[PDB]
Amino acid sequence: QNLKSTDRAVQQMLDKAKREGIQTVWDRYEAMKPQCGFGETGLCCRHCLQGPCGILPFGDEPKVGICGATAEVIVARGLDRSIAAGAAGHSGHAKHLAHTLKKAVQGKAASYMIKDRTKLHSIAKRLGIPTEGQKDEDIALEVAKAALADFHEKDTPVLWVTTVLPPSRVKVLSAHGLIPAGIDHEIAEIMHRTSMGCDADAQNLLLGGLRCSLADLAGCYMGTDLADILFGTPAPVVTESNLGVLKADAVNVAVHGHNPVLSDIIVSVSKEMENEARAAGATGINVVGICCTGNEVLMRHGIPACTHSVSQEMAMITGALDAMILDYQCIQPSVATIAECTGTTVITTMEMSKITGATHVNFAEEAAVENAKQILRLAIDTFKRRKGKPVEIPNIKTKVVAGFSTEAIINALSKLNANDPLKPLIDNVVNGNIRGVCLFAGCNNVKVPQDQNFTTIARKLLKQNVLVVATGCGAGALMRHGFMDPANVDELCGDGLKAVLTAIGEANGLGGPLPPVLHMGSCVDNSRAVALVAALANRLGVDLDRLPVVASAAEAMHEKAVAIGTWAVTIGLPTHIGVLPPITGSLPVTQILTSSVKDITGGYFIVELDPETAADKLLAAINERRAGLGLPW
């Protein structure tokens, strides 16, 4: 049972679900085995009606597609479409945020406003939008219009690419034609070139995929920018994680998905419906988070992290989850069925993301408070239906210190050097106190036992003084196993890393160290790491592919994770992926994505499914980057 998840509460709820005959994601995975060898090697194509075409990894015919598409062509086309799908997800997230900001500053959504004036000003200056002597709503409208225009061809390339990376990096990517012209333009061109009879050259397809991954990076950066403008830039905050944050005597409302435009309003309206909740016979409206919108409200408001990714269903298995408010992106549709057994009202709110069997509430920024009142009223009804009945909420919760936006990190460092905030960090990088930086990102994969790779690699990296930051469900796993709790620094961190964390934390008025891992936010907030990594780059006069910075999609599952890893490579990072991507069916594509892209961008993928070996490989990558700079290791 410990082979399905390393989270103890998840094991408890798996026992409960097995008890009651509630089918789980691990059960469905067990029904799916043996899985198909063509697809999970990437050697399968259904790109037209002459298919499906499978190419045996080794042996006799079939060796080539019916139309003549080779193994590498098929592999590259599939990977390109994965990158495009992830880019579409992130880009639509940011597109909805841009629409919300425009509507707010045009007077069409009064529940939304400019909550971070300073970030709006700095973004407008970064884009060349004039701020001085201009109405705040005027420059916000201009910023939203620039964001919307970055989705198509225009006078300029994608500004959320070209103005967020150092100019030398932009030059390197422009010398290879990797700079995107428009986000949706790149997505459509990927869909065009990978369809039948089009592009059939592996190197060409992989370069196009790098461009599409940069479009995804632009989408992530824009989403972070607009969410910070509308809802505020996160600052350090203390909260709790895992299922134990649920309360049998409260109205449990879990916000699940990626777009915060809805759940941020939920967090506010719930406090106003506190009295209504009391009238129902409840202590209050206990709002918890699931997946990335949960991480957004965790970073901005200290909302507890109920659960993440592959184990989302386990929340409903408590029996005390009265509402699950879904927007889109990584909701298992199984919840809609599982609700029937758990007395959970599952509520979709977005037009392009509905699930069969769930109540739908058509969200609109013009009626966000109205929608939220209706939804939480349904949640109150659901609580009323279960008064006095038995629930099993595992009494398991960790302490989580989060809210480490790049702005907050720079400020906390400025406590040690007011005029050159990055200098203390670079100093400790030089003297060995900080070996390097690792970004943990991505989701949980049902094939990898939950949180095993993240915790294992994190332990091996922290004991060697790697400054570890995390986002999304990587942050979720590490926070559910105690890595955002400073009380574990002594157990987890090496001496130099402990000293650096202690120095910053004691300079930041909390008497103790920073938590062993810095939670940088959601899946799109990976852009935050870019913002940090580029900044240090600018401070050191070098390109990212010269920094001892690595990334780890240790348990990657989603197409967005593939796009994120691809643009982590593209901006120049060594990027470990801890699950097998569908590239092993063609040695040329694997060699390009792990070896020869070093000649193109300086980054490269590291495919390794053993977390001990993967941690050693990440350590070696960090140490080679250190050596290239002339640093001991």
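Residue numbers run from 1 along the displayed sequence.
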Selected stretch [higher average CA B-factor]: 264-272 or 481-489: 264-272
Entry-level comparison of average CA B-factors, 403-411 and 175-183, reporting the higher stretch: 403-411
Options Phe151, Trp160, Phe383, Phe440 - largest CA temperature factor per the record: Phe383
Residue with highest C-alpha B-factor in the PDB entry, from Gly472, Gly92, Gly208, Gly319: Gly319
For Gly78, the third of its chain into which the C-alpha B factor falls: lowest
Position of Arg46 among the chain's modelled residues by C-alpha B-factor, lowest, middle or highest third: middle
Position of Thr131 among the chain's modelled residues by C-alpha B-factor, lowest, middle or highest third: highest
Chain thirds of CA B-factor: placement of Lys4: highest
Within-chain third of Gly585 by Cα B-factor, per the entry: middle
